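In what follows, a structure is listed as structure tokens, so that the remarks can point back to it.
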Amino acid sequence: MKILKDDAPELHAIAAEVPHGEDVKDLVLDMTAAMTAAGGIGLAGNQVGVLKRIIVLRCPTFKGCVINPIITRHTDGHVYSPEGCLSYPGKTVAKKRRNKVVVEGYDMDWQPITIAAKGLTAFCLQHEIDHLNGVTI
Ligand code: NI
Ligand code: NI
Ligand SMILES: [Zn+2]
């Protein structure tokens, strides 16, 4: 796998929902390995040229993948979140984020999962889900 250059069109494209039960274990393994090899804590399909709704995270309160992630709950208003991104080396942006979120989706074995997160972990979930919608910092 390769983390695509900052001018890759995939970064603006929409990731396709994964058909329920599709075997994506190798994809998840590859994305996880690319994320850690590059020293990151989050990665989305688009960033490695995989236009599928898959994110991987290595965050303080969640480590693993989410397939077909959706945000189902969040706190009102916003807080400041300084963020970088493996697709944009050297760039940090002060983003407005929800302080707390609930994310729902599937793990690699297609077990339904629910992730309640605050602070850094919540910011990462928002950032990575944004990627699947072609939204970048
Ligand atoms: Ni590779
Ligand atoms: Ni661009
Ligand atoms: Zn990113």
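Using my numbering, you'd call the opening residue of the sequence shown number 60 and step up by one each time. Just so you know, even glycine gets a beta-carbon here, dropped at the ideal spot from N, CA and C.
Continuous beta strand (DSSP E) stretch holding residue i: start and end
i: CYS124; result: 121-133
i: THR173; result: 171-177
i: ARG117; result: 113-118
i: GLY101; result: 101-103
Start-to-end residues for the alpha helix (DSSP H) that takes in residue i
i: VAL77; result: Neither: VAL77 is in no alpha helix (DSSP H) and is coded neither H nor E.
i: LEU88; result: 84-96
Anticipated Cβ contact below 8 Å, residue i with residue j, distance rounded
i: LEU63; j: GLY99; result: In fact, because the Cβ distance is near 14 Å, the residues do not count as touching under 8 Å.
i: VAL160; j: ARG117; result: About 17 Å separates the two Cβ atoms, so there is no contact after all.
i: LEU179; j: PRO141; result: About 10 Å; that fails the 8 Å criterion.
i: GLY193; j: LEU70; result: 7 Å
Identified DSSP bridge partners for residue i
i: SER140; result: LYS154
i: residue 11; result: Since the first and last residues shown for the chain are 60 and 196, residue 11 lies out of range.
i: residue 8; result: This structure cannot speak to residue 8, because the chain is shown only from 60 to 196.
Handout entry: Segment contact flag, the stretch 93-113 with the stretch 73-84, C-beta cutoff 8 Å, min 3 pairs
Key = yes
Handout entry: the stretch 160-169 touching the stretch 116-125, judged by at least three CB pairs closer than 8 Å
Key = yes
Handout entry: Validate contact between the stretch 182-190 and the stretch 148-163 using beta carbons, cut 8 Å, 3 pairs
Key = yes
Exercise for the section: Give me every residue whose Cβ sits closer than 7 Å to any heavy atom of ligand 3, in chain order. Expected result: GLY101, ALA103, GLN106, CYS144, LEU145, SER146, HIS186, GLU187, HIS190, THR195, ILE196
Handout entry: Any residue whose CB is nearer than 6 Å to a heavy atom belonging to ligand 2, listed in chain order
Key = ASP66, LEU70, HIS71
Exercise for the section: Taking 6 Å as the limit, tell me which residues put their C-beta closer than that to any heavy atom of ligand 1, in chain order. Expected result: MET60, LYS61
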